[PDB]
Amino acid sequence: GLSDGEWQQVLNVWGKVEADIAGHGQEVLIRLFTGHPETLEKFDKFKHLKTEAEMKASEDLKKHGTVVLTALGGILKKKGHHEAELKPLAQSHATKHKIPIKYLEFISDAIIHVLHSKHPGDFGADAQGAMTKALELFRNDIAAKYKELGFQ
Ligand code: HEM
């Protein structure tokens, strides 16, 4: 798990996201979709986005980014005591959306990249370490539920 000092860094970094949740969310999803086009195919409602310009112009993509980052923020503020929050997300993403755990790795990496891109020089080495550990814990607990369901 994370130390209290590490959790404090996670939630300090998260204050940057909360100042512009929609912009961070849109950029996270765009980074995921352009870097890994197969992920776009999992969204019926985003398959029509042929270009990054269409993605950036999509108000509904920005809306979903707010949904995604609001959910992640709620989980992070539990500092690892997130079973109730995480279990339904793991179950919807395995059983309904059919999201391989690899794609959650992709989006975790996308979050780290967006943080550096929007806050260059202001996302320190300790902050990246702590946020990475928090995202790894999130992914690992999802993975446990994936394994329970036998989902690949
Ligand atoms: C930080 C990681 C993620 C979080 C917090 C997150 C959160 C959410 C939430 C809260 C919803 C709506 C409620 C639900 O269906 O459970 C949702 C829907 C969805 N998620 Fe995720 N998600 C994440 C990653 C991903 C990834 C990586 C993919 C695919 C590559 C994905 C695919 C989908 C799809 C297809 C839907 C339904 C979209 C629709 O409404 O048409 N999710 N997600």
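Start at 1 and count along the chain as shown; that gives each residue its number.
Header entry for method reads X-ray crystallography, 1.4 Å.
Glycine is no exception: its Cβ is also placed from the backbone N, Cα and C atoms.
So that you can see what the record holds, here are the features copied from Swiss-Prot:
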type    : residues : note
DOMAIN  : 1-147    : domain 'Globin'
MOD_RES : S3       : phosphoserine
BINDING : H64      : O2 binding site
BINDING : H64      : nitrite binding site
BINDING : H93      : heme b binding site
TODO: According to DSSP, folded down to helix, strand and coil, what is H93 (heme b binding site)?
DONE: helix
Task: Pairwise Cα distance for the residue listed as 'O2 binding site'/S3 (phosphoserine) [Å, integer] - done: 31
TODO: Count up the helix, strand and coil residues in the domain 'Globin' (1-147) according to DSSP, in that order.
DONE: 116 helix, 0 strand, 31 coil
Open item on the list: At a 10 A cut-off on CB-CB distances, which of the binding-site residues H64, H93 has the highest count?
Closed with: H93
Open item on the list: Give me the CA-CA distance between the residue listed as 'heme b binding site' and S3 (phosphoserine), in Å, as a whole number.
Closed with: 28
- [ ] Around the Cβ of the residue listed as 'phosphoserine', how many other Cβ atoms lie within 10 Å? Please give the count over every shown protein chain.
- [x] 10
